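Containing compact mmCIF, C-alpha atoms and all ligand atoms: target21.txt.
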# COMPACT_ATOMS: atom_id res chain seq x y z
CA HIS A 3 14.07 -10.94 -7.92
CA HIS A 4 17.23 -13.08 -7.63
CA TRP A 5 18.01 -14.45 -4.17
CA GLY A 6 19.72 -12.68 -1.28
CA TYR A 7 19.89 -12.61 2.52
CA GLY A 8 17.57 -9.65 3.05
CA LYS A 9 14.09 -9.36 4.56
CA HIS A 10 12.56 -9.69 1.07
CA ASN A 11 14.55 -12.40 -0.72
CA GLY A 12 16.33 -14.13 2.11
CA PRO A 13 16.38 -17.81 3.11
CA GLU A 14 12.66 -18.05 4.04
CA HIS A 15 11.65 -17.01 0.51
CA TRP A 16 14.01 -19.32 -1.42
CA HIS A 17 11.47 -22.18 -1.60
CA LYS A 18 9.28 -20.14 -3.99
CA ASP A 19 11.83 -20.46 -6.82
CA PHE A 20 13.79 -23.48 -5.54
CA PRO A 21 11.25 -26.13 -4.38
CA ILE A 22 14.08 -28.43 -3.17
CA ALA A 23 14.63 -26.05 -0.23
CA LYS A 24 12.15 -28.16 1.86
CA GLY A 25 13.60 -31.54 0.84
CA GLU A 26 15.00 -34.47 2.82
CA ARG A 27 18.77 -33.78 2.86
CA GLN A 28 19.13 -30.00 3.23
CA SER A 29 21.99 -28.20 4.93
CA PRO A 30 23.14 -26.78 7.21
CA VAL A 31 22.11 -28.73 10.34
CA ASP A 32 22.79 -28.52 14.09
CA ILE A 33 25.40 -30.98 15.38
CA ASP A 34 24.03 -32.56 18.57
CA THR A 35 27.29 -34.09 19.99
CA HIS A 36 25.42 -36.53 22.26
CA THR A 37 23.46 -38.16 19.40
CA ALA A 38 26.32 -38.33 16.83
CA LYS A 39 27.32 -41.99 16.41
CA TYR A 40 30.97 -42.95 16.82
CA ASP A 41 31.74 -45.02 13.72
CA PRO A 42 35.09 -46.94 14.19
CA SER A 43 35.19 -47.88 10.49
CA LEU A 44 35.57 -44.31 9.20
CA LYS A 45 39.07 -43.73 7.70
CA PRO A 46 41.43 -40.78 8.41
CA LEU A 47 40.92 -37.81 6.07
CA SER A 48 43.55 -37.34 3.32
CA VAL A 49 44.19 -33.67 2.45
CA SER A 50 46.78 -33.12 -0.31
CA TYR A 51 47.12 -29.45 -1.18
CA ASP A 52 50.85 -29.31 -1.94
CA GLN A 53 50.46 -28.59 -5.67
CA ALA A 54 47.49 -26.18 -5.27
CA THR A 55 47.22 -23.43 -7.91
CA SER A 56 45.16 -20.42 -6.80
CA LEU A 57 44.11 -18.12 -9.68
CA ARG A 58 41.86 -15.30 -8.50
CA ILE A 59 39.51 -13.86 -5.94
CA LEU A 60 36.13 -12.28 -6.71
CA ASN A 61 33.07 -10.74 -5.11
CA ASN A 62 29.96 -12.42 -6.60
CA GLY A 63 27.43 -10.45 -4.54
CA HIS A 64 26.83 -13.21 -1.92
CA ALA A 65 30.35 -13.75 -0.63
CA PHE A 66 33.90 -13.77 -2.01
CA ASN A 67 35.45 -16.88 -3.65
CA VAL A 68 39.11 -17.73 -4.24
CA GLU A 69 39.21 -20.01 -7.29
CA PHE A 70 41.73 -22.71 -8.12
CA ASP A 71 42.91 -24.41 -11.28
CA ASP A 72 41.16 -27.84 -11.26
CA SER A 73 42.05 -28.98 -14.80
CA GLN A 74 44.30 -31.69 -13.33
CA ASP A 75 44.59 -33.51 -9.95
CA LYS A 76 46.64 -30.79 -8.18
CA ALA A 77 44.78 -30.39 -4.88
CA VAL A 78 42.56 -33.25 -3.71
CA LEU A 79 40.65 -34.72 -0.79
CA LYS A 80 40.54 -38.45 -0.20
CA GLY A 81 39.74 -40.84 2.63
CA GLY A 82 37.34 -40.27 5.50
CA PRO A 83 33.79 -41.20 4.33
CA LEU A 84 34.67 -40.49 0.71
CA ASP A 85 34.78 -42.86 -2.21
CA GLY A 86 37.12 -41.77 -5.01
CA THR A 87 39.06 -38.57 -5.61
CA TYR A 88 37.59 -35.09 -5.14
CA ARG A 89 39.23 -31.95 -6.68
CA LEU A 90 39.36 -28.59 -4.90
CA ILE A 91 37.70 -25.96 -7.07
CA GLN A 92 37.08 -23.00 -4.69
CA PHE A 93 36.73 -21.87 -1.05
CA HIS A 94 34.50 -19.15 0.55
CA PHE A 95 33.22 -17.90 3.92
CA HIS A 96 29.87 -17.20 5.62
CA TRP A 97 29.96 -14.57 8.39
CA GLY A 98 27.94 -12.41 10.70
CA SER A 99 27.47 -8.77 11.64
CA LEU A 100 28.44 -9.67 15.24
CA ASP A 101 30.89 -12.19 16.78
CA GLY A 102 28.08 -14.37 18.13
CA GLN A 103 26.72 -15.44 14.78
CA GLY A 104 28.03 -16.25 11.34
CA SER A 105 28.44 -20.01 11.00
CA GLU A 106 25.80 -22.05 9.19
CA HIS A 107 26.24 -25.39 11.04
CA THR A 108 26.05 -25.13 14.84
CA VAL A 109 27.36 -27.49 17.54
CA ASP A 110 24.78 -28.16 20.27
CA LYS A 111 23.02 -24.90 19.20
CA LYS A 112 26.22 -22.81 19.56
CA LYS A 113 27.11 -20.40 16.68
CA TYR A 114 30.69 -19.46 15.69
CA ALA A 115 31.74 -16.07 14.20
CA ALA A 116 32.09 -17.52 10.68
CA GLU A 117 32.51 -20.68 8.64
CA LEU A 118 34.95 -21.69 5.90
CA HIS A 119 33.85 -23.90 3.00
CA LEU A 120 36.47 -25.70 0.86
CA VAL A 121 34.52 -27.09 -2.12
CA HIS A 122 35.59 -30.27 -3.99
CA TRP A 123 34.00 -32.28 -6.82
CA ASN A 124 34.10 -36.01 -7.64
CA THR A 125 36.68 -36.66 -10.41
CA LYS A 127 34.68 -39.69 -11.56
CA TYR A 128 32.22 -37.27 -13.20
CA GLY A 129 34.49 -35.40 -15.64
CA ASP A 130 33.61 -31.79 -14.77
CA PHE A 131 31.89 -29.75 -12.06
CA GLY A 132 28.72 -29.43 -14.12
CA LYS A 133 28.24 -33.20 -14.20
CA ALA A 134 29.13 -33.65 -10.51
CA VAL A 135 26.21 -31.42 -9.50
CA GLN A 136 23.86 -34.01 -11.07
CA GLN A 137 24.90 -36.89 -8.80
CA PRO A 138 24.13 -37.91 -5.13
CA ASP A 139 27.87 -38.10 -4.22
CA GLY A 140 29.18 -35.42 -6.60
CA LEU A 141 30.49 -32.97 -4.00
CA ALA A 142 32.53 -32.86 -0.82
CA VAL A 143 32.66 -29.66 1.23
CA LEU A 144 35.20 -29.45 4.03
CA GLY A 145 33.75 -27.09 6.66
CA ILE A 146 35.80 -25.27 9.29
CA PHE A 147 34.56 -22.98 12.05
CA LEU A 148 36.18 -19.61 12.87
CA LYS A 149 36.22 -18.22 16.43
CA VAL A 150 37.40 -14.76 17.50
CA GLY A 151 40.72 -14.86 19.32
CA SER A 152 44.32 -14.54 18.12
CA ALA A 153 45.26 -13.78 14.49
CA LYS A 154 45.72 -16.45 11.82
CA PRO A 155 48.78 -15.71 9.62
CA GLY A 156 47.52 -17.71 6.63
CA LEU A 157 44.35 -15.64 6.41
CA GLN A 158 46.08 -12.21 6.29
CA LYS A 159 47.03 -12.40 2.57
CA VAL A 160 43.30 -12.89 1.85
CA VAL A 161 42.30 -9.95 4.12
CA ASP A 162 44.79 -7.50 2.49
CA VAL A 163 43.28 -7.71 -0.99
CA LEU A 164 39.57 -7.20 -0.02
CA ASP A 165 39.76 -3.44 -0.83
CA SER A 166 40.15 -4.24 -4.53
CA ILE A 167 37.07 -6.51 -4.70
CA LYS A 168 34.77 -4.34 -2.57
CA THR A 169 31.68 -4.50 -4.77
CA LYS A 170 29.73 -7.02 -6.83
CA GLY A 171 31.46 -8.19 -9.98
CA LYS A 172 34.99 -7.08 -9.14
CA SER A 173 37.82 -9.61 -9.10
CA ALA A 174 41.62 -9.57 -8.67
CA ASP A 175 44.37 -11.99 -9.70
CA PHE A 176 45.30 -14.13 -6.67
CA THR A 177 48.15 -16.51 -7.42
CA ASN A 178 50.43 -18.59 -5.18
CA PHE A 179 48.05 -18.92 -2.21
CA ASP A 180 48.51 -21.98 0.05
CA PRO A 181 45.27 -23.44 1.49
CA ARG A 182 47.26 -25.43 4.08
CA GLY A 183 47.54 -22.23 6.13
CA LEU A 184 43.81 -22.40 6.99
CA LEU A 185 43.74 -25.90 8.58
CA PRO A 186 43.45 -26.63 12.33
CA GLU A 187 45.98 -29.03 13.98
CA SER A 188 43.59 -31.99 14.25
CA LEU A 189 41.53 -33.51 11.44
CA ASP A 190 38.73 -35.13 13.51
CA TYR A 191 35.29 -34.66 11.94
CA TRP A 192 31.57 -35.37 11.88
CA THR A 193 29.99 -36.37 8.57
CA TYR A 194 26.47 -36.52 7.07
CA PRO A 195 24.79 -36.35 3.58
CA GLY A 196 23.41 -32.90 2.71
CA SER A 197 23.13 -30.10 0.16
CA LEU A 198 24.56 -26.74 -0.99
CA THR A 199 23.55 -24.05 1.54
CA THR A 200 22.68 -21.51 -1.20
CA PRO A 201 20.48 -21.70 -4.34
CA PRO A 202 20.21 -24.05 -6.36
CA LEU A 203 20.30 -25.95 -3.02
CA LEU A 204 21.15 -29.23 -4.87
CA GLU A 205 21.37 -32.39 -2.75
CA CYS A 206 24.75 -33.62 -4.00
CA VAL A 207 26.94 -33.10 -0.93
CA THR A 208 28.85 -35.17 1.62
CA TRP A 209 29.56 -32.81 4.48
CA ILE A 210 32.77 -33.16 6.49
CA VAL A 211 32.78 -30.72 9.44
CA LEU A 212 36.02 -30.36 11.40
CA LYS A 213 35.71 -30.64 15.20
CA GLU A 214 38.53 -28.16 15.95
CA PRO A 215 37.91 -24.51 14.94
CA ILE A 216 40.60 -21.98 13.82
CA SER A 217 41.29 -18.63 15.53
CA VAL A 218 41.11 -15.25 13.78
CA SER A 219 41.29 -11.71 15.17
CA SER A 220 38.62 -9.05 15.64
CA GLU A 221 40.48 -6.98 13.00
CA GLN A 222 40.54 -9.89 10.51
CA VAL A 223 36.74 -10.52 10.71
CA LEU A 224 36.04 -6.75 10.80
CA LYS A 225 37.60 -6.53 7.31
CA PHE A 226 35.10 -9.15 5.96
CA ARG A 227 32.27 -6.86 7.17
CA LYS A 228 33.38 -3.92 4.97
CA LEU A 229 32.50 -5.69 1.70
CA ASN A 230 29.46 -4.83 -0.41
CA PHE A 231 26.50 -6.88 -1.70
CA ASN A 232 25.95 -4.09 -4.26
CA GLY A 233 27.86 -3.50 -7.48
CA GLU A 234 29.63 -0.22 -8.19
CA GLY A 235 27.43 2.87 -8.38
CA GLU A 236 24.40 1.38 -6.58
CA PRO A 237 23.40 2.29 -3.01
CA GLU A 238 25.63 0.68 -0.35
CA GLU A 239 24.52 -2.47 1.44
CA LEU A 240 27.18 -4.08 3.71
CA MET A 241 27.95 -7.79 3.16
CA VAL A 242 27.09 -9.38 6.54
CA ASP A 243 25.02 -12.32 7.80
CA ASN A 244 25.27 -14.25 4.49
CA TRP A 245 24.27 -17.51 6.21
CA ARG A 246 21.33 -19.93 6.13
CA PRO A 247 19.55 -21.09 9.30
CA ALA A 248 19.82 -24.75 10.47
CA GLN A 249 17.48 -27.18 8.64
CA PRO A 250 15.78 -30.26 10.21
CA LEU A 251 17.79 -33.51 10.12
CA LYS A 252 14.79 -35.67 9.06
CA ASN A 253 16.01 -39.23 8.68
CA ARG A 254 19.79 -38.91 8.64
CA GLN A 255 22.43 -39.76 11.19
CA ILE A 256 25.58 -37.75 11.96
CA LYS A 257 28.64 -40.01 12.30
CA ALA A 258 31.75 -38.98 14.23
CA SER A 259 35.28 -40.22 13.50
CA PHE A 260 36.36 -39.76 17.16
CA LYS A 261 35.19 -40.93 20.63
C1 LIG A 301 25.73 -24.39 -8.40
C2 LIG A 301 26.00 -22.87 -8.64
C3 LIG A 301 27.40 -22.56 -8.10
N1 LIG A 301 27.30 -22.62 -6.57
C4 LIG A 301 28.32 -23.45 -5.94
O1 LIG A 301 29.15 -24.00 -6.67
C5 LIG A 301 28.30 -23.58 -4.53
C6 LIG A 301 29.27 -24.38 -3.84
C7 LIG A 301 29.24 -24.52 -2.43
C8 LIG A 301 28.25 -23.87 -1.62
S1 LIG A 301 28.26 -24.09 -0.04
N2 LIG A 301 28.14 -22.78 0.77
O2 LIG A 301 27.19 -25.01 0.32
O3 LIG A 301 29.52 -24.67 0.33
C9 LIG A 301 27.27 -23.05 -2.32
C10 LIG A 301 27.31 -22.92 -3.75
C11 LIG A 301 25.89 -22.53 -10.18
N3 LIG A 301 24.51 -22.81 -10.61
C12 LIG A 301 23.44 -21.90 -10.50
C13 LIG A 301 22.21 -22.58 -11.05
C14 LIG A 301 22.63 -23.81 -11.43
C15 LIG A 301 21.88 -24.90 -12.02
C16 LIG A 301 22.57 -26.15 -12.35
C17 LIG A 301 23.98 -26.29 -12.09
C18 LIG A 301 24.71 -25.21 -11.51
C19 LIG A 301 24.03 -23.96 -11.18
HG HG A 302 22.79 -33.65 -6.77
ZN ZN A 303 29.44 -21.98 1.69
Turn the structure described in the file into structure tokens.
Amino acid sequence: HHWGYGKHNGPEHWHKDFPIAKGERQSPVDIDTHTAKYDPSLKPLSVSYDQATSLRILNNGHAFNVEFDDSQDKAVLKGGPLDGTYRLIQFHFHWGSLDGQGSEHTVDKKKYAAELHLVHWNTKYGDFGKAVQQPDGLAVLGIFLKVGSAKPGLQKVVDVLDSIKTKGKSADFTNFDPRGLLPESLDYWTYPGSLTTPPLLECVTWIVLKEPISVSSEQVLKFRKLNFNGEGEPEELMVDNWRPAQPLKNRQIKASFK
């Protein structure tokens, strides 16, 4: 009865309504560093978020999304393994109920406390709706979060969570700079995959950053006080909204560094 991350409608049940869940290029996957192939022909990533227009933040019952104005080429991603220009449309997180779990992708079986997804769509296709119908329609920039010192750029996001506590609530969120959530280095692994939540469409080129960002115990704690439920329903904490690693099948993970 509409997907979730619970015992009764969680990841292992998604295949009943979304048959593609057992396909050939499903995400997330485990990054085995010793089998990733160094590819010297990969180009440096090109992140241009200087004219980024954030609009609002909302709780959709699965996670919280900060949306951006993508009517024009304001914030894009170019280079790396990409072909063409991809527009930033929204970013969201996946997190756990404990510091030792949260991320969707793992590195050599190791799980991080959470994972950030910056979602972009191929401008060649006109609009997001069309992009989700093509093999190279999306580009998701994934960043891992580990518990340590505080991250300044994340605090503004943390402060407003109280106003979007339950399903369906939103709040205006203008003038937010995404550049405050990037690690120093832009080295990455890349592979062809899918969305990690229903519809689970196989239209994504995944770009996972090697270097994770640090956030405090207090910062992640705040994420854990959100609700899956809308106002007036019984309370169900929003935690562990992540999908388990899927088999790689016949794909190869390419690294941009040695
Ligand atoms: C795609 C959904 C919207 N979902 C996403 O855009 C999305 C983006 C990134 C991730 S993640 N975590 O992999 O980065 C997950 C979801 C709408 N929608 C629902 C049914 C549906 C059918 C056709 C087209 C769009 C449709
Ligand atoms: Hg697709
Ligand atoms: Zn995601």
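Among the candidates A:11, A:230, A:188, A:124, the one nearest to ligand HG 302 (chain A) when counting only C-alpha atoms and all ligand atoms is A:124.
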Give as a ChimeraX atom specification the residues surrounding ligand HG 302 (chain A) up to a distance of 8 Å, considering all atoms listed in the file. /A:134-140,197,204-207
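Nearest to residue 172 in chain A of all the residues A:31, A:54, A:189, A:59 is A:59, counting all atoms listed in the file.
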Between A:118, A:211, A:77, A:65, which residue has the minimum interatomic distance to residue 229 in chain A, considering only C-alpha atoms? A:65
Could you list, as a list in words, all protein and nucleic acid residues with an atom at most 7 Å from ligand ZN 303 (chain A), counting only C-alpha atoms and all ligand atoms?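 I would give the residues around ligand ZN 303 (chain A) as residues 94, 95, 96, 118, 119 and 199 of chain A.
Between atom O3 of ligand LIG 301 (chain A) and CA of residue 198 in chain A lies a distance of 5.5 Å.
Among A:214, A:243, A:117, A:238, the residue with the shortest atom-to-atom distance to ligand LIG 301 (chain A), counting all atoms listed in the file, is A:117.
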In terms of the shortest atom-to-atom distance over all atoms listed in the file, which of A:203, A:146, A:161, A:100 is closest to ligand LIG 301 (chain A)? A:203
Best match for closeness to residue 53 in chain A among A:166, A:178, A:173, A:219, counting all atoms listed in the file: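 The answer is A:178, which sits nearest to residue 53 in chain A.
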Listed atoms of ligand LIG 301 (chain A) boxed along x, y and z, 8 Å each side, centre and edge lengths in Å, one decimal, as lines of an AutoDock Vina configuration file:
center_x = 25.7
center_y = -24.1
center_z = -5.8
size_x = 23.6
size_y = 20.4
size_z = 29.1
So that I can check the surroundings of residue 41 in chain A, please list as a list in words every protein, DNA and RNA residue that reaches within 7 Å of it, counting all atoms listed in the file and ignoring chain neighbours fewer than 5 positions away.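 Everything that qualifies: residues 257, 258 and 259 of chain A.
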Enter the distance from CA of residue 170 in chain A to atom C19 of ligand LIG 301 (chain A), in Å, rounded to one decimal. 18.4 Å
Spatial neighbours of residue 196 in chain A, 12 Å, all atoms listed in the file, chain gap at least 5 places, as a PyMOL selection string: chain A and resi 22-23+25-31+107+138-143+203-211+248-256
Within 10 Å of residue 60 in chain A, counting only C-alpha atoms, which residues qualify if same-chain residues fewer than 3 places away don't, as a PDB file with C-alpha atoms, in the frame of the given file?
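Written output follows (selection_9.pdb):
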ATOM      1  CA  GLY A  63      27.430 -10.450  -4.540  1.00  0.00           C
ATOM      2  CA  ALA A  65      30.350 -13.750  -0.630  1.00  0.00           C
ATOM      3  CA  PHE A  66      33.900 -13.770  -2.010  1.00  0.00           C
ATOM      4  CA  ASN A  67      35.450 -16.880  -3.650  1.00  0.00           C
ATOM      5  CA  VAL A  68      39.110 -17.730  -4.240  1.00  0.00           C
ATOM      6  CA  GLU A  69      39.210 -20.010  -7.290  1.00  0.00           C
ATOM      7  CA  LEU A 164      39.570  -7.200  -0.020  1.00  0.00           C
ATOM      8  CA  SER A 166      40.150  -4.240  -4.530  1.00  0.00           C
ATOM      9  CA  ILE A 167      37.070  -6.510  -4.700  1.00  0.00           C
ATOM     10  CA  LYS A 168      34.770  -4.340  -2.570  1.00  0.00           C
ATOM     11  CA  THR A 169      31.680  -4.500  -4.770  1.00  0.00           C
ATOM     12  CA  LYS A 170      29.730  -7.020  -6.830  1.00  0.00           C
ATOM     13  CA  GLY A 171      31.460  -8.190  -9.980  1.00  0.00           C
ATOM     14  CA  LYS A 172      34.990  -7.080  -9.140  1.00  0.00           C
ATOM     15  CA  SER A 173      37.820  -9.610  -9.100  1.00  0.00           C
ATOM     16  CA  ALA A 174      41.620  -9.570  -8.670  1.00  0.00           C
ATOM     17  CA  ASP A 175      44.370 -11.990  -9.700  1.00  0.00           C
ATOM     18  CA  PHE A 176      45.300 -14.130  -6.670  1.00  0.00           C
TER      19      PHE A 176
END
Work out how far apart CA of residue 131 in chain A and CA of residue 181 in chain A are and give it in Å to one decimal. 20.1 Å
Go ahead and find all residues with at least one atom no further than 8 Å from (30.5, -15.3, 13.0) in the file's coordinates, using only C-alpha atoms; report them as JSON, numbers by chain. {"A": [96, 97, 98, 99, 100, 101, 102, 103, 104, 105, 113, 114, 115, 116, 117, 148, 149]}
Find the residues near residue 182 in chain A: any atom within 10 Å, counting all atoms listed in the file, skip ones fewer than 3 places away on the same chain, and give them as a PyMOL selection string. chain A and resi 49-52+54+156+179+185-186
When you write range 35-56 of chain A out from the block above, keep N, CA, C and O atoms and present the result as a short mmCIF file (atom, residue, chain, number, x, y, z; two decimals), in the first residue's frame, please.
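This is the output file decode_18.cif:
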data_model
loop_
_atom_site.label_atom_id
_atom_site.label_comp_id
_atom_site.auth_asym_id
_atom_site.auth_seq_id
_atom_site.Cartn_x
_atom_site.Cartn_y
_atom_site.Cartn_z
N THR A 35 37.19 -1.38 -3.90
CA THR A 35 38.34 -0.57 -4.36
C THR A 35 39.45 -1.30 -5.12
O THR A 35 40.13 -0.70 -5.95
N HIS A 36 39.62 -2.59 -4.86
CA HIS A 36 40.65 -3.37 -5.53
C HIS A 36 40.24 -3.91 -6.90
O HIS A 36 41.07 -4.42 -7.64
N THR A 37 38.97 -3.79 -7.27
CA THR A 37 38.52 -4.26 -8.58
C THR A 37 38.07 -3.12 -9.49
O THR A 37 37.79 -3.33 -10.69
N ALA A 38 38.02 -1.90 -8.94
CA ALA A 38 37.67 -0.68 -9.69
C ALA A 38 38.84 -0.41 -10.65
O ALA A 38 40.01 -0.40 -10.23
N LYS A 39 38.52 -0.16 -11.92
CA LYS A 39 39.55 0.05 -12.92
C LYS A 39 39.95 1.50 -13.13
O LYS A 39 39.11 2.35 -13.47
N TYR A 40 41.23 1.80 -12.91
CA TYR A 40 41.71 3.16 -13.13
C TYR A 40 41.55 3.43 -14.63
O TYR A 40 42.08 2.68 -15.46
N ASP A 41 40.81 4.48 -14.97
CA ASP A 41 40.62 4.84 -16.37
C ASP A 41 41.27 6.24 -16.51
O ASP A 41 40.74 7.24 -16.00
N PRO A 42 42.45 6.31 -17.18
CA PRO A 42 43.20 7.56 -17.39
C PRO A 42 42.55 8.55 -18.37
O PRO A 42 43.00 9.71 -18.48
N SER A 43 41.51 8.10 -19.07
CA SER A 43 40.83 8.96 -20.04
C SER A 43 39.63 9.73 -19.49
O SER A 43 38.99 10.49 -20.23
N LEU A 44 39.28 9.45 -18.23
CA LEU A 44 38.17 10.14 -17.58
C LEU A 44 38.63 11.60 -17.39
O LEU A 44 39.82 11.86 -17.14
N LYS A 45 37.70 12.55 -17.56
CA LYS A 45 38.01 13.98 -17.43
C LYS A 45 37.70 14.49 -16.02
O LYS A 45 37.03 13.78 -15.22
N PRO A 46 38.25 15.67 -15.63
CA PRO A 46 37.95 16.18 -14.28
C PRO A 46 36.47 16.58 -14.25
O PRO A 46 35.91 16.93 -15.30
N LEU A 47 35.83 16.46 -13.09
CA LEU A 47 34.43 16.87 -12.96
C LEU A 47 34.38 18.39 -13.06
O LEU A 47 35.33 19.07 -12.68
N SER A 48 33.24 18.92 -13.52
CA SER A 48 33.03 20.38 -13.63
C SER A 48 31.74 20.77 -12.89
O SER A 48 30.64 20.59 -13.41
N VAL A 49 31.88 21.26 -11.67
CA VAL A 49 30.74 21.65 -10.85
C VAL A 49 30.60 23.18 -10.85
O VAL A 49 31.51 23.90 -10.41
N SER A 50 29.49 23.68 -11.39
CA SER A 50 29.27 25.13 -11.47
C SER A 50 27.93 25.50 -10.84
O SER A 50 26.88 25.56 -11.51
N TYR A 51 28.01 25.78 -9.54
CA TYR A 51 26.86 26.12 -8.72
C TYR A 51 26.85 27.58 -8.29
O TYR A 51 26.16 27.92 -7.32
N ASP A 52 27.57 28.47 -8.98
CA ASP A 52 27.59 29.86 -8.55
C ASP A 52 26.32 30.68 -8.77
O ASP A 52 26.16 31.74 -8.16
N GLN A 53 25.41 30.22 -9.63
CA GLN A 53 24.18 30.98 -9.85
C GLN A 53 22.97 30.15 -9.38
O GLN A 53 21.84 30.40 -9.80
N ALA A 54 23.21 29.22 -8.46
CA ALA A 54 22.17 28.32 -7.91
C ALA A 54 21.05 29.00 -7.11
O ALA A 54 21.30 29.65 -6.09
N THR A 55 19.81 28.75 -7.53
CA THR A 55 18.62 29.33 -6.91
C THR A 55 17.84 28.28 -6.13
O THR A 55 17.15 27.46 -6.75
N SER A 56 17.97 28.26 -4.80
CA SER A 56 17.20 27.31 -4.00
C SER A 56 15.81 27.96 -3.81
O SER A 56 15.69 29.19 -3.76
#
